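Structure first, then comments.
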Amino acid sequence: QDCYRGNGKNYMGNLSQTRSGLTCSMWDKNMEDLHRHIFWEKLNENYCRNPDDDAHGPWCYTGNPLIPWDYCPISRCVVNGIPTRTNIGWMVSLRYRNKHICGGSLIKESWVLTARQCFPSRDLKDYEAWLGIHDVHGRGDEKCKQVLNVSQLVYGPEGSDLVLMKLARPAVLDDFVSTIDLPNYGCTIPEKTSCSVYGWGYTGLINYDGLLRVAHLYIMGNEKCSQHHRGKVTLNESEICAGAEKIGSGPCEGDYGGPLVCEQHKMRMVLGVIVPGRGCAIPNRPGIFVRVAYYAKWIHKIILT
Amino acid sequence: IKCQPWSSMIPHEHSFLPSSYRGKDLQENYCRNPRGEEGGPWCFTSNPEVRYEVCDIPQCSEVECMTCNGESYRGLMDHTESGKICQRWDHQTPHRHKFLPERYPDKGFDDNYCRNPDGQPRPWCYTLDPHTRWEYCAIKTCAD
Amino acid sequence: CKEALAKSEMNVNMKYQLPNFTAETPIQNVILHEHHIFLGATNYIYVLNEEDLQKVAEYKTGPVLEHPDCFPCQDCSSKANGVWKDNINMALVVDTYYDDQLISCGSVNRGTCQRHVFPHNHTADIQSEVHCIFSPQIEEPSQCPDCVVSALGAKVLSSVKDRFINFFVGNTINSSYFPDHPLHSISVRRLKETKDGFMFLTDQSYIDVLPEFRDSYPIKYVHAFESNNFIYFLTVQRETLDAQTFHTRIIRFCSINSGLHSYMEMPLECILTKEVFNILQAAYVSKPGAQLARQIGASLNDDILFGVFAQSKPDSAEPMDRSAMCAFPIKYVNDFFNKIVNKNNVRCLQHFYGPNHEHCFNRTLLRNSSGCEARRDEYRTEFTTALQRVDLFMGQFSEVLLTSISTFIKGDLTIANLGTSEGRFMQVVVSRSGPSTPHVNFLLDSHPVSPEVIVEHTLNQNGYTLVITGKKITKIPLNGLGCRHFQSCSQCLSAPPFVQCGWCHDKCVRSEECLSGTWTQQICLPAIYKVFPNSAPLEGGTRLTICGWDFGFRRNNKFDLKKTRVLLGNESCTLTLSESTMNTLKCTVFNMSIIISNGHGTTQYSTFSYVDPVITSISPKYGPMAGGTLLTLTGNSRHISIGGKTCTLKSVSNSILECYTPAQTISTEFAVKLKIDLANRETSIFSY
């Protein structure tokens, strides 16, 4: 019932039920915890209005330790890839009933970023995370192989199509397995920037030996993609559009949740997450991904747990 | 089981009567007799399996008892033995009778409630019908 | 005379020339998409223009050589050995999320489907490119990921949830069909993102009837749709595994592609008041008009499901040609699913779980506190207190079977596009307040009207409805097919104002046709067709029947009988209200004109005579006393008698009469007295 107000201060949420379905707790203890922990800056007690005026809208607290706080629901206004000759640590191969379906990005020692679409099941016993591998079957090498179970899954905001999971145990970080940083909250990549993607998918090959495919890409404004799609897409602020020039090559089945990592100033940094849509590598057609920066701060808020 | 409100057509939809019949005073939920049906005041149940059931509401003769003298009795019956209604004792139409309530007080010469002025075994009243001169009032005897 | 004036009742049969197209085989499925209309028929696919129904192109999935080892889409035409079968199209959908393309599904070909790609410059060119949807299930060859369509009967629904093309398919299953190839009663399929096959997202994403009940407990789906983040199914099935009696059921679950999570089934029934109707035949999702929304308690924007229910032959699904139509607000039934029913009305699902199984010995329900959250031990819940709805036409169609329904809105009213099994199409304004006569009641074709119809409503003033009768597809504009068929002024004024025409002194005519200027739709002159009789005595009070129409003052629907009066000269005939109708009157009162006065106008009729009865001569004169002779009278509701015994009327006329005199034991003469409703002047004597 809220519109034109992205900040909770304009909308006093007259509701005390979070997204998950768990009732809100007393706002006094969580207010004390915020004043002790959050330095953002006397709101209504035990109601889902957020004091922080977060960009995602109103949010509330939950007494359960696994999820300290969550938002209350209300209205608010690779094909033609190149094989890699060196191992990659940012890649996280997800394993569903002991076989790979998708990939993700390593952010912390116990945290990876993936796509909501790559989760047919919500069960945690069947998922398995592999870090530090050059071959999708694991045949290439096993010294850098790192196998872990799943502890917790936390989804992004509504309609974000993004998700994080924290591992059953921590993971060791070395040269073989690497983490990635975060872009700034208002971090905007300049147009015509060149950066690539990593993929484990169909790759448009009659037979592939099983090595990860790196594929270059170029950034362009949303207007160029709108013209190329000829009005078939209504782009929102949260999405970024990057497409190859004069060649049809893009992420497809099996690469979803993969990293769109690009180099701005000194080192490579993640900018987007691979998302299904619009078809599989149409010639002279750009690709659409979800930008982490708009949700990066939110990940910060959830990385505190 | 609580009656289904006559404004809401769930779980039963025969509730257009608030607009169908004017002046019949079917309230928000209280059960009436919009058609004057012989069974009595019946209402829809919020219970799904049974649609409508007649409310058990007592008759009027149940509370009005009778003594042999009759003149001592002063109750609420204003209906004769044949179901006719006693005319206003204050009125002079359609019967130009003799008893005047202010001339003869102390005997319950109220609006239409049956009285025994002439020492009959039962109370009687002049009939609202101009043709019927007067009629007796049917009352069961008292106890204890 | 009710019979004689029957011309007032509207002429039920006409020939209407509308754009109509014929197919060489009966049409099963049809869709309108981007100024092209695609029709699927036996072995045929046609594409037509809207305004012309011109066959611009056709694709030929004709007869196919069915061979036991031939795979669905591989070419086994060289096999000369194993029958030239023919397929029928029951699944014809269009999708544009991936590309602007069509999807069709055959019957005999293992229920496997194909895809047609539309060129951007010329989208109607469907024969240009053809794909098959068949991915060899290497990992799990035991089950079919692409054997998706059944043959006896199936329903397919397309959706785009989470940027994912989902097909919700319900299948009618025979016991002998599973052993050759497994199927699923209700299931969800995903298209492979390369558009070359299907996969099962979960083993829980499907439900199939338990192996013992494949032969028994048959289920036939009549409809299905999507609304409010839920997928609703409408089918017909037995009350109980051993009931041998049928009723309508609906199925609810939300649109999570992982699997059917909150699968809950619900019996439905619509009643007359108290006769119930079991089987649903056709259904349509729409929005209610302003006049109807209040009377059904529904919001103007809230969705409504309209369904036709016909009483089936006892302990069987075949209707007894006794049907009606009923409405269901989606919010009421949704709340009913969530709150209205208590606990013990809920049981486990029989045909899947099995009557004796562990889950429904004891299991709590998070039905109120939780909305179709994808849990692991989800409970497929069976209700027992069937939702009862009331009739909307109070059984005005109680003897005719209805099989096709469409509904649109116009201004504040809403109109239902009724269809019969004898191929008569009606247009009716639906209203619980009062019975509405179908403003269009013509017959289209001999064949029953197909349930699947489509309505398009451009700019709220120009639109059409395509309906299928056998091998004919016909376009019907909703803006008013006509009103020339109306010939009663009361009937003309009962026509809804959406079509602009009115009465001008002879027939219901369009405004600009009759030039007299009498064209009126609010008031008109009442009509009298004849009167019986016109010969009455001066003092004779004779009962006169008045034949005509529009005999009373008008209200919106209830035709007032009290604003009627009769004037005979200066006095008034004794009007009888109990025999006063819109159809005929019965009154009980020298040529004078009889005048009928109404709230609208008065009619003068110039031929009624107070004829003075005259009797002149009696024959014979003298004879024996046998009392069995023919006595003839002559002169100018009559009776005649002698000696207290009526002479039987051997001949009657205005100028001639003849009795067979009763026998009397006397040989003298008496005056024979005429009693023409009154003892009139008697004639002379005749010796006995």
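Numbers in chain C come straight from Swiss-Prot, and the residues shown are 26-106, 110-301, 311-626, 634-680, 687-738, in order.
Per the header: electron microscopy, 4.8 Å.
From the backbone N, Cα and C atoms, a Cβ is placed for every residue, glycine too.
As annotated in Swiss-Prot, C:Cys298 shares a disulfide bond with C:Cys363, one of the listed residues C:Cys282, C:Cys363. C:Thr676 is the residue among C:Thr140, C:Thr151, C:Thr511, C:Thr676 that Swiss-Prot describes as O-linked glycosylation site. Record source Swiss-Prot places C:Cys545 in a disulfide bond whose other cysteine, from C:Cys526, C:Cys529, C:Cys584, is C:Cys529. DSSP classifies C:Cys141 (disulfide bond) as strand under the three-state reduction. Most buried of the disulfide-bonded residues C:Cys95, C:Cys385, C:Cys520, judged by other Cβ atoms within 10 Å, is C:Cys520. The secondary structure of C:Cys298 (disulfide bond), as reduced to three states from DSSP, is extended strand. If you check the recorded positions C:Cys101, C:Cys133, C:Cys160, C:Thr582 against C:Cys624 (disulfide bond), the ones with a Cα inside 10 Å of its Cα are C:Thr582. Rounded to a whole number, the C-alpha distance linking C:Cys526 (disulfide bond) with C:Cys545 (disulfide bond) is 7 angstrom. Within 10 Å (C-alpha to C-alpha) of C:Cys709 (disulfide bond) lie the following recorded positions from C:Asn202, C:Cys363, C:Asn405, C:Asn635, C:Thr676: C:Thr676. The two recorded residues, C:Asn399 (N-linked glycosylation site) and C:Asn149 (N-linked glycosylation site), show a Cα separation of 62 Å. Same-chain residues at least 6 positions away in sequence with a Cβ under 8 Å from that of C:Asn45 (N-linked glycosylation site) are, in sequence order, C:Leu78, C:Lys509, C:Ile510, C:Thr511, C:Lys512. In terms of Cα spacing, the recorded positions C:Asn106, C:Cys363, C:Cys529, C:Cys545, C:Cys551 that come within 10 Å of C:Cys520 (disulfide bond) are C:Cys529, C:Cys545. The separation of C:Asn607 (N-linked glycosylation site) from C:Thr582 (O-linked glycosylation site), Cα to Cα, is 20 Å. Neighbour density around each Cβ, counted as other Cβ atoms within 10 Å, peaks among the disulfide-bonded residues C:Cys172, C:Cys298, C:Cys610, C:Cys624, C:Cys697 at C:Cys298. Among the disulfide-bonded residues C:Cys101, C:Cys141, C:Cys363, C:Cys538, the ones whose Cα sits within 10 Å of the Cα of C:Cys545 (disulfide bond) are C:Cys538, in sequence order.
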